[PDB]
Amino acid sequence: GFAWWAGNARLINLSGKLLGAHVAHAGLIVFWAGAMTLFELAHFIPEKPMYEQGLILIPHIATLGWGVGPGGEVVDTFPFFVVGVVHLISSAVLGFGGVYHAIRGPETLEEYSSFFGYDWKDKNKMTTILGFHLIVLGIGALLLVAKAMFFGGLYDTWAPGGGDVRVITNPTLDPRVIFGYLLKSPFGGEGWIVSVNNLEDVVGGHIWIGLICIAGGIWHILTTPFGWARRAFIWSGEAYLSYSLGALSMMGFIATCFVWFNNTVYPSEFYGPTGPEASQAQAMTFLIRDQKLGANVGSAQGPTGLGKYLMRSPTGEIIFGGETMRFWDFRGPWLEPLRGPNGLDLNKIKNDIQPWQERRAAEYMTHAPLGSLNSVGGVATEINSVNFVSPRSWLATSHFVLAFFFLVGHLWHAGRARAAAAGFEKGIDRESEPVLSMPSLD
Amino acid sequence: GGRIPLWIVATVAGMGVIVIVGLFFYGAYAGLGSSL
Amino acid sequence: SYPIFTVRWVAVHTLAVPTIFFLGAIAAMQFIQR
Amino acid sequence: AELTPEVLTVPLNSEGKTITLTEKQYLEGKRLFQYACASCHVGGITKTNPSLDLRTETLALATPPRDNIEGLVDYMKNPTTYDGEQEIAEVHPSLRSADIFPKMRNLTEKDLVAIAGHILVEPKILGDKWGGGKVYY
Amino acid sequence: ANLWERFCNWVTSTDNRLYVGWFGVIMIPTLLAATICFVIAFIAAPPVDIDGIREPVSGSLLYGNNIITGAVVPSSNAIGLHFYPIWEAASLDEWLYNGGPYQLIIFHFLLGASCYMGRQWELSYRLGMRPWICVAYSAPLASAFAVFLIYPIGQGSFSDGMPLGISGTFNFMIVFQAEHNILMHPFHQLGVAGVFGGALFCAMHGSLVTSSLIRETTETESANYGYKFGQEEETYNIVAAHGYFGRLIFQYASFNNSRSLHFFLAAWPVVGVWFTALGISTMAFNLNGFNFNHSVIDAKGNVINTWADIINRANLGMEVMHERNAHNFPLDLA
Amino acid sequence: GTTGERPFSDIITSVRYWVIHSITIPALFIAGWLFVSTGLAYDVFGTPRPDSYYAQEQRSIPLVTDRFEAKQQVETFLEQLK
Amino acid sequence: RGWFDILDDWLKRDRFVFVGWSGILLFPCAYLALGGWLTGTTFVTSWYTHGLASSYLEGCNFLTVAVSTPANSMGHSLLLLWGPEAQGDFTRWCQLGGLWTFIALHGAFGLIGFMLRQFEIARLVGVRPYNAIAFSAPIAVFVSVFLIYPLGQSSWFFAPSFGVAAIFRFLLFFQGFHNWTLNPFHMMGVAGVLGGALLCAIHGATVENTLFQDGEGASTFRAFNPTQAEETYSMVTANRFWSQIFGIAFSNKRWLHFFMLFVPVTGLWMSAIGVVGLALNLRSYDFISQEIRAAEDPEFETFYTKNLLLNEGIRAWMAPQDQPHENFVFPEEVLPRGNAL
Ligand code: CLA
Ligand code: CLA
Ligand code: CLA
Ligand code: CLA
Ligand code: CLA
Ligand code: HEC
Ligand SMILES: CC1=C(/C=C/C(C)=C/C=C/C(C)=C/C=C/C=C(C)/C=C/C=C(C)/C=C/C2=C(C)CCCC2(C)C)C(C)(C)CCC1
Ligand SMILES: CC1=C(/C=C/C(C)=C/C=C/C(C)=C/C=C/C=C(C)/C=C/C=C(C)/C=C/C2=C(C)CCCC2(C)C)C(C)(C)CCC1
Ligand SMILES: CC1=C(/C=C/C(C)=C/C=C/C(C)=C/C=C/C=C(C)/C=C/C=C(C)/C=C/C2=C(C)CCCC2(C)C)C(C)(C)CCC1
Ligand code: OEY
Ligand SMILES: [Cl-]
Ligand SMILES: [Cl-]
Ligand SMILES: [Fe+2]
C-alpha cells in the first residue's frame, strides 16, 4: 500500500526483484569508479600536482603504489587506465545481472531455491548471509595486506628521501599497538584511529581485521542469536537497513576526519597539505625568510609578549607561534627532521633547514585547503585568478553531508521499524488510543 | 485533447530547461563575467 | 466547447511571452566577449 | 577603454628598444602566469615574501633591472635575489630548476615572452591594484 | 516483581509527570551539569584567554558585563582541540583562565541534547505514536553541533566555536562572514528560505485556521472557548479556508488535504535548517561561499565592480580587524 | 471544482496547441536573441558596452553628481568617449 | 442595476484567477514592479549611480544583478519619468535610477492591492479577515525598510537595492554603521522569525506523528477527507507527549493557531520599529558604561568591544567604494588593521 514516492518499499518482500535492485545499484558504483577514473586520466597533466587538478580517484590509486615513484612523481599512467577500464567493463556485468533479476528474473527466490531465498524474520538465515559477507570483507582487507607485502608495496610519504613506494616486511602484529589506537582519545594530540602514522600499523591492522572478519563470518554462519539479542532488536528488513544506515553514518563521519587530518594514508603529495599542515608551513616559511635576513627567531618577542616565531605548548614543547599554536600536534615528513626531544630544535633551525624543506613549506602554504564553491583558491577575500579547491575540502565536505543524511536515514528507518513492528506506524487506532486508557498526569 | 502523451511533453520541456540553464553556467566561465 | 481567450489566457501570456523573449536575450548574452 | 597597442607596448630591454605584443600574446601571458605563478603572485604581490612585488617600479630597481622583457625572461631562467647577489633557482621556479619545479618543464621561449609581457602590461591597466594587495581589491 | 524490573518500570513509566526513559538517564545529569556550570560561569567566571595570546576577555556579569554583552568564553587557542577537563589542570584558577568551563558546558549539553532527541523517539514509542518528531528536532540539533563541535574540529580549535552569549554570537557571525563569505553560500541562502518561509507559513496557517473558526461563542468571550480539549469535531472549516486561499492565489496552489499541508509545514523549515547546518559544517572545511571578486572586467581589463566586490570591501574590514593581536603572518589560514 | 476554462493538461497535450506554439516560442526566443546581438538593448537602456565604461586613460567613475543637470552630466561623459 | 453593479458582477465572477475591485490596483502594479525588476537586472547598469555593473547584459549573474538605487544627488526625488531629472527621456531615466523608485512605488501600491484582495475575497467567501491582518507585517517591513529608512537619510541611495548581493551589502552596512545586531527591536524580530519557523516545524511534525489510523495503507495522506467532521490527529495524545517531553503543551487548537499568527507577525512589526529608529541614526550603538570603563581600563575587553573594532573595520574599508559621491580618500596609513592582516 505504498505511494509511488515510497515505491522501492514495495520490494521489501520480493527477494528476486530486490536482488536485481542491489546488483544494478552495485553496477552504478562500479560504473562511476571506472568512468571517473578515465575522466580524471583524460584530464590528468603529469607536470602539475594531483591536487591542482581536481583528482580524487587517481590519488587513491597512487597511494596503493601504482604509477608513482620517488616523491610521488607519476612514472606510468597505464595502471590508472587499467583500473578505470576494468571497473567500467565489470559494471556491464553487474548491470546485466541487475536488470535481469529486476525485470525478467524470478520475482521471489524462496520457491526457486531454499539457499538463496530468505525471510527477514529468519534470524538464522539472516546471520548466515551476514557471515558470508563478513568473510568477503575479511578477504577484502587481506588483499590490502597482499598488495603491501607481496605485490609491490604502498606509497610511503614517510620514507627517506622524499617518500617512495615501499614493501612492508614487518607489519605490526602487537595487539597493544593495534588496539591501542582504538582506545586513544579522539581529542587533540591523540586523535583516535586517525593518528595512524606508519604503514606497518596500517597493514597490521588489516591482518587483524581480516582475521576478525573471517572468524566472525564463520561464527555467524555456525550460530543463531542468543536470547538476549533476540529480545534487544527488531527483526525486520527495515530494522536491518536502519542498522546499516547508522553504521555508514558513523563511518562517513570518521572518513571525513581521516582525510582532513591524516597525511599518511592520504599523502599530502597527492591530496594537498592538511589545514594544520598548511598553517604550520606558513609559520615555517616566514621563520626561514626572516632568519635569512638576520632575525634571531629564538629570541624574537611578538606583540602579545609570546614569541613571534616560536613559543611553548601548554606541556612545554617548542612549537610554531601565531595562531598556528593550535596546530602543534601536526606531524609531517618535511618538518620532523627539525624536531628534537623538546620539540622544534633551535639549533637545527639555525643550521639544518634544507632547500627542499623551504620549497615544500612555500608550496603547502600557497595550497592551504581554503577555496570558494566556484573554485577560487584561498581565503574568501581573495580576488579571482587561482582555480583551486583542495581534494581534502571536497572529500571532507561531501562525506560530512552524506554521513549526516544517513544518520537522518537511520533515525527515520529505526523509528518506523519499531512502530511497524508494534503495529502503529499507520496511526493511532481511534477505538484503542493508549493515552485514553492512561490516568491523567494531574 | 490527449493526442500527445503528457510524459513526453514533460520529458522534452525537461531537457529544454537543462539546456538553457547549462548554457547559463557555461557562460559563467566564458566571456563576460568569467574574470578572464 | 471551452472558450479559447479568457482572463486566464491573458494572465498566462502576459507572463509567458516576455519570459521567452528575455530567455533568448539572456542566451545570446553568454556569447559576448569583452 | 580597450586593449590598444599603446598599452601593449612594453620595453624589450634597458637600451630603450620596445616591443608591441598582441592581444593573443597578452591573454596567453595571463593564462600562463595563472598556470605557473599566481599561486604565489596573484595580483602582483608575493604571498611568500610580501616585501617583493611585481610592480614595475619595483622591477626597475632590481639588480639586473627586471622592468623589461629581457630581464624578465632571464629571471625565469636564472632567478637571483633583488641585489642579484645570489642565484635562487632552488627555491624559485625557473627553467634552470625545472627538475624540481615541474610546471616549468613545458614552457617554451615564446611562453616566457608572454608571461613577461603580461607582467609589464598589467600595471598599465590596473594601476595601484597590481602589487598593491587587499587595500586595493 | 524484581528490583531491577521495578526500576526499569519507573524509568519507562508513562505516568511520570515528566518522562524519564533510558535516554533521560543520560540527559538529566548531563544537562544539569551543563546548566549549573553555565549559570555560575555567566555570573562569576573570571576573564578567559580565548585566543591564547594572554589577552583575557571578560564574559561574566560580576566582571563588568550586562546580559547582552556577557558570555561564557571559548577555551584557549593554546589548547586547540585538546580535551581539557578539570582534572587536567593544576588548579581551578588555571582551568578558569584557560576557558575550561566552555568545554565542560558544551560537551555535556551536546550529549544531553542528543539524548533529548532520543527521548522524543522513546516516549513516542511508549504512547503508540508515529516516531518522527525527533527527525524534526535533528535540524536544530545538527545546527548546534555545527557551531559548537564541527566548526572547531575543521578549524582546529574550540576557541573558534561559538561563544555562549548574545554578543559572542554576533562576533562569531561577523568573523564567519569575513572568512567564509557565508551570505554568498547556497546552503545559508536555503536556511534563510527555510526560516523566512517557516515564519511565513506559520503566519499563513495560523491565519487561515483562525479565519475559518466556526461560530461557537458570543462576542463577549474569547473565541478560544469554542474549542474543548479532546472534542472529536474539528473546530474550523477547512473547505472555507481552502475556498479563500485557492481564490486568493488559484485553486491548485492550495491544500485541501490537512495531512499534506501539515507535512509541508514540517518539511520546509526542517529541510532548510538541515542545509544551513550543513553549510556551517562544510565551511568548517573551508569550502566557502561563491567568490565573484573581480569577475567583471572591461574590454581593457579594468575591473568593473559589482555588489559582490562591495561585500568584499566589508569582508576585508572584518578580516583585518578581528583578533587584531593574534596574527603574526599575512594569511589567516584558520 | 472547476470554473469553466479549458484544463491545461488538455491544452499542452493538444496537437493544435503545439502547432501554434512551436512557432511562437522560437520566434520569441529569436527576437530576444536579436535584441541583444544587434546591440539594440545597449542603446535602448543606456548600458555601457565593454569598451565604454571608461575613456582610455581614465579610472574615474562618471558618477552623476547633480540632480537637475544630471541628464546633461551623463551626456557630457558619453561625449568624452566619441 | 446600472453600470457600477454590472461591473461589480464581472469583477467578482468565479474564474481561475479572481480579479475583484482590488484587482484593478493589484494587477497592474504587481506586474510593473515584477517587470521593472526583471528588465533592470537583465539590461540596466548601475554605472552612473553607483559605479557598479548590475545586469545580465554586463556580465553579472543571478546573485550579483540588482536594480540599484538612484544616485545620492537625486535626494528623495520621486524620479518620475516625466519629471525634471529625466525629462521624459527613457534612457536617462534608466541611467539615473528611475527604475528603482518605479519598483518601490508600484510595489508599495501592489502590496496595498494584495491586502485589499485578501479583504475582498474574505468578505465574498464569508470568512474572518485574519489573513489580511497577518499580512500587515510584510507591509510594515517593506515601508519601513524601503521607504521610511531612506527618507530619514540623505537620499534613496541608502535604501536597499533590489538584488541578492545588494541586500547582502545592506545587511553588512547595518552592522558596521548602525550596530543593528545590538538592537533589541531586531532581536525581537529574530525571535519572531526563528520562533515562527520553530512553531511551523513543530506543529507540522506533531500532527503528522499523532495521526489517527483512518485507512490501511502506508501512505497516510489518502486517509483524509476535506469534508470529514473528525479531527485527523489526536490532540489528546499530542498534549500528553509534549507535556511529558517539554513540561507544557498546547491544549486549545484555537489558541495554538492564533499563537502561530501572533508570533511571526509581532516579531516583524518589532523589527520595523527598530528600522524606523535607524532612519534617524537612532541606533542602539553603544553601552555607555562599557565605554567609560574601557577608555580608562585598557585590560578591560568584552565581546561588545571586540564587535565595535569589527564595525570600525567595516566602515573604513567599505565606505570609499560604497559611498562614491563622498570622494573618500583613505591613504593606506589611516586604515584600521590588526597585526599582519
Ligand atoms: C538505483 C535506483 C533504483 C533501482 C535500482 C530501482 C529498482 C526497482 N524499482 Mg524503484 N525507484 C527509484 C529508483 C530505483 N528503483 C526512484 C528514484 C523512484 C522514484 C521515481 C522509484 C520508484 C519506484 C516505483 C514506484 C516502483 C519501483 C519498482 C522497482 C522495481 C521494479 C522495476 C520495474 O518493474 O520497472 C519496469 C520498468 C521498465 C521495464 C522500464 C525500463 C527499465 C530498465 C531496467 C532500464 C535499464 C536501462 C539500462 C541502460 C539498460 C542497460 C542493460 C545492459 C547492462 C544489458 C526495481 C527492482 C517497482 C516495484 O517495487 O515493483 C514491485 C515500483 O512499483 N521503483
Ligand atoms: C550477489 C549477487 C547475486 C546473487 C545473490 C545472485 C543469485 C542468483 N542468481 Mg544472479 N546474477 C548475478 C549476481 C547475483 N545472482 C550477476 C552479477 C549476474 C550477471 C552475470 C547474474 C545473472 C544471472 C542469470 C542469468 C541467472 C541468475 C540466477 C540466479 C540464481 C541461481 C544462480 C546459481 O545457480 O548460481 C550458479 C553458481 C555459480 C555459477 C557459482 C560459481 C562461482 C561464481 C559465479 C563466481 C564468483 C566470482 C567472484 C565472487 C565475483 C566476480 C569477480 C570480480 C570481483 C572481478 C540465484 C537466486 C538464475 C535464475 O534466477 O534463474 C531463474 C539465472 O538464470 N543470475
Ligand atoms: C557487520 C558486522 C557485524 C554485525 C552486524 C554483527 C551482528 C551481530 N553479532 Mg556479530 N561479530 C562480528 C561482526 C558483526 N556481528 C565479528 C567480526 C565478530 C568476531 C569478533 C562477531 C562476534 C560476535 C559474537 C561473539 C556474538 C555476536 C553477536 C551478534 C548479534 C548481536 C550483536 C550485538 O548485540 O551487538 C551489540 C553490542 C553490544 C551491546 C556491545 C558493544 C561493545 C562495543 C565494543 C562498545 C563500544 C562502543 C563505541 C561507541 C564504538 C567505538 C568502538 C570502541 C571499541 C572504540 C548480531 C546479529 C552475538 C550473538 O547473538 O551471536 C550469536 C554474540 O554473542 N557477534
Ligand atoms: C542505503 C540507503 C537507503 C535505502 C536502501 C533506503 C530505502 C528506502 N527508503 Mg530511506 N533514506 C535514506 C537511505 C536509504 N533509504 C536516507 C539517507 C534518508 C534521509 C535522506 C532516507 C529517508 C527516507 C524517507 C523520508 C523515506 C524513505 C523511504 C524508503 C523506502 C522507499 C524509498 C523510495 O521509494 O525512494 C524513492 C526515491 C525518490 C522519491 C527519489 C528521491 C530523490 C532525492 C531526494 C533527490 C536527491 C538528488 C541528489 C542530491 C542529486 C541532485 C542532482 C539533480 C540533477 C537531481 C525504501 C525502503 C520511505 C519509507 O519510509 O518507506 C518505507 C520514506 O518515506 N527514506
Ligand atoms: C492602477 C494602476 C497604477 C498605479 C496606481 C500607478 C501608480 C504610479 N505610477 Mg504607474 N503605470 C501604470 C499603472 C499604474 N501606475 C500603467 C498601466 C502603466 C503603463 C502604461 C504605468 C506606467 C508608469 C510609468 C512609465 C511611470 C509610472 C509612475 C507612477 C507613479 C506616478 C503616477 C502619477 O504621477 O500619476 C499622475 C496622474 C494621476 C494620479 C491620474 C489622476 C487622474 C485624475 C483623477 C483625473 C484628472 C483629469 C485629467 C487631468 C483631465 C484631462 C484634461 C484634458 C481633456 C486636456 C505612481 C506610483 C511613474 C513612476 O513610477 O515614477 C518613477 C513613471 O515614471 N507609471
Ligand atoms: C611564474 C613562472 C613566476 C614568475 C614569472 C615569477 N615568479 Fe616569483 N617569487 C617568489 C618569492 C618568494 C620571490 C622573492 C625572491 C627573493 O628575492 O628572495 C619571488 C620573486 C619573483 C620576482 C622578482 C620580483 C622583484 O620585485 O624583483 C619575479 C619577477 C618573479 N618572482 C616572477 C615566489 C614565487 C613562487 C612561490 C612558490 C612561485 C610559484 C613563483 N614565485 C612563480 C613565479
Ligand atoms: C531496474 C531499474 C532501474 C535501474 C537500472 C540500473 C541502475 C541499471 C544499471 C545498469 C548498468 C550499471 C549499466 C552498465 C553498463 C555499462 C556498459 C554497457 C559498459 C560498456 C563499456 C564499454 C563499451 C567500454 C569500452 C571502452 C574500452 C574497453 C576502453 C576505454 C574506452 C571505452 C570506454 C570506449 C531504474 C531505476 C533505471 C528504473 C527502474 C528499474
Ligand atoms: C584496520 C586498521 C586498524 C585497525 C582497526 C581495528 C582493529 C578496528 C576495530 C574496530 C571495532 C572493534 C569496532 C567495534 C565497534 C562496535 C560498535 C560500533 C558497537 C556499537 C553497539 C551498538 C550500536 C549497540 C546498541 C545497543 C545498545 C547500546 C543497547 C541495546 C540495544 C542496542 C544493541 C541497539 C588500525 C587503526 C590499527 C590501523 C589502520 C587500519
Ligand atoms: C519596466 C517598464 C515597463 C514594463 C516592463 C515589463 C512589464 C516587463 C516584463 C518583463 C518580464 C515579464 C520578464 C520575464 C522574464 C523572465 C525570465 C528571465 C525567466 C527566468 C527563468 C529562469 C531562468 C528559470 C529557470 C528555472 C530554474 C533555474 C530552476 C527551476 C526551473 C526554472 C525553469 C524555473 C514599461 C514598458 C511599462 C515601461 C516602464 C518600464
Ligand atoms: O577568524 Mn581568523 O581565522 Ca578562525 O582563527 Mn584565524 O583568525 Mn582566529 O581565532 Mn578565532 O578567528
Ligand atoms: Cl574578533
Ligand atoms: Cl599567525
Ligand atoms: Fe494546524
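Chain identifiers are assigned alphabetically (A, B, ...) following the order of the sequence lines, protein sequences preceding nucleic acid strands; residue numbering begins at 1 within each chain. Atoms within each ligand, like the ligands themselves, are counted from 1 in listed order. Computed from heavy atoms alone, side chains included, the values below leave out hydrogens, waters and symmetry copies.
Under 2.8 Å from atom 10 (Mg) of ligand 3, one finds the following protein N/O/S atoms: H220(A) NE2.
For atom 27 (C) of ligand 7, the closest heavy atom belonging to the protein is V85(A) CG1, 4.6 Å. Atom 51 (C) of ligand 3 has as its closest protein heavy atom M250(A) CE, 4.3 Å. In terms of protein heavy atoms, atom 13 (C) of ligand 3 is closest to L134(A) CD1, 3.7 Å. When hydrogens are left out, the protein atom nearest atom 52 (C) of ligand 3 is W192(A) CZ2, 4.8 Å; that is the closest non-hydrogen contact. Summary of contacts: the protein heavy atom closest to atom 14 (C) of ligand 7 is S91(A) O, 3.7 Å. Of the protein's heavy atoms, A92(A) CA, 3.9 Å lies nearest to atom 15 (C) of ligand 7. Annotation: atom 5 (C) of ligand 7 to nearest protein heavy atom, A24(A) CB, 4.3 Å. Protein heavy atom in closest approach to atom 32 (C) of ligand 2: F116(A) CE1, 4.4 Å. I212(A) CG2, 3.8 Å is the protein heavy atom nearest to atom 20 (C) of ligand 3. Of the protein's non-hydrogen atoms, the one nearest atom 64 (O) of ligand 3 is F226(A) CE1, 3.1 Å. Scanning the protein heavy atoms around atom 22 (C) of ligand 7, the nearest turns out to be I89(A) CD1, 4.6 Å.
The line from CD1 of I26(E) to OG of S114(E) is 11.5 Å long, rounded to the nearest 0.5 Å.
Counting only protein N, O or S atoms, the number found under 2.8 Å from atom 10 (Mg) of ligand 2 is 1.
In this structure, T224(A) is part of the shell of residues with a heavy atom less than 4.0 angstrom from ligand 3. Ligand 7 has no atom lying under 4.0 Å from any heavy atom of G98(A).
Not a single ring-ring contact (aromatic ring centres under 6.0 Å, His included) links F258(A) to another residue, sequence neighbours left out.
The proximity of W228(A) to ligand 3, defined as any non-hydrogen pair under 4.0 Å, is limited to the side chain. With a 4.0 Å heavy-atom cut-off, ligand 3 is reached by the backbone of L182(A) and by its side chain too. Proximity of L28(A) to ligand 7, defined as any heavy-atom pair under 4.0 Å, is shared by backbone and side chain alike. Only side-chain heavy atoms of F233(A) come within less than 4.0 Å of ligand 3; its backbone N, CA, C and O stay farther off.
The two residues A146(E) and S281(E) have their closest heavy-atom pair at CB-OG, 3.4 Å.
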Side chain to side chain donor-acceptor pair (under 3.5 Å) between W219(A) and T127(A), intermediate numbers included: CA-CA 9 Å; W219(A) 166 259; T127(A) 62; over 6 Å; no
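With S15(A) contributing its side chain and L109(A) its backbone, the two residues share a donor-acceptor pair below 3.5 Å. A donor-acceptor distance shorter than 3.5 angstrom exists from the side chain of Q53(A) to the backbone of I45(A), with no hydrogens or angles considered. Put simply, the side chain of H25(A) never gets that close to the backbone of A21(A): no donor and acceptor are under 3.5 Å apart.
Listed by atom number, the atoms of ligand 7 under 4.0 Å from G95(A) heavy atoms are 10 (C), 11 (C), 12 (C). Residue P106(A) has at least one heavy-atom neighbour below 4.0 Å for each of these atoms of ligand 2: 60 (O), 62 (C). Ligand 2 places these atoms under 4.0 Å from at least one heavy atom of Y112(A): 30 (C), 31 (C), 58 (C), 59 (C), 61 (O), 62 (C). Interface atoms of ligand 7 facing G27(A), defined by a heavy-atom separation under 4.0 Å, are 12 (C). Within ligand 3, counting atoms from 1 as listed, the ones closer than 4.0 Å to a heavy atom of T223(A) are 62 (C). Those atoms of ligand 2 that come under 4.0 Å of a heavy atom in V93(A), given as number and element, are 19 (C), 20 (C). Proximity to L88(A) (heavy-atom distance under 4.0 Å) selects the following atoms of ligand 7: 33 (C).
Counted within 6.0 Å of CD1 on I8(B), heavy atoms from surrounding residues, nucleotides or ligands total more than 12; the atom is thus considered enclosed.
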Identify each donor-acceptor pair in which a side-chain atom of residues 29-41 of chain A lies under 3.5 Å from a protein atom, sequence neighbours left out, and give them as a table.
from, atom 1, to, atom 2, distance (Å)
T37(A), OG1, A33(A), O, 2.8
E40(A), OE1, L57(A), N, 3.1
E40(A), OE1, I58(A), N, 2.9
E40(A), OE2, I56(A), N, 2.9
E40(A), OE2, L57(A), N, 3.1

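Atom 10 (C) of ligand 7 is approached by the protein to below 4.0 angstrom, counting heavy atoms only. The nearest protein heavy atom to atom 33 (C) of ligand 7 is closer than 4.0 Å. Under the 4.0 Å distance rule, the nearest protein heavy atom to atom 40 (C) of ligand 3 falls outside the cut-off.
The aromatic rings of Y240(A) and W235(A) lie perpendicular to each other, with more than 60° between the two planes, well past the 30° mark.
Taking only non-hydrogen atoms, the option from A229(A), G217(A), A215(A) nearest to atom 31 (C) of ligand 3 is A229(A).
Close placement of the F158(E) and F107(E) rings is indicated, their centers lying within 6.0 Å of each other.
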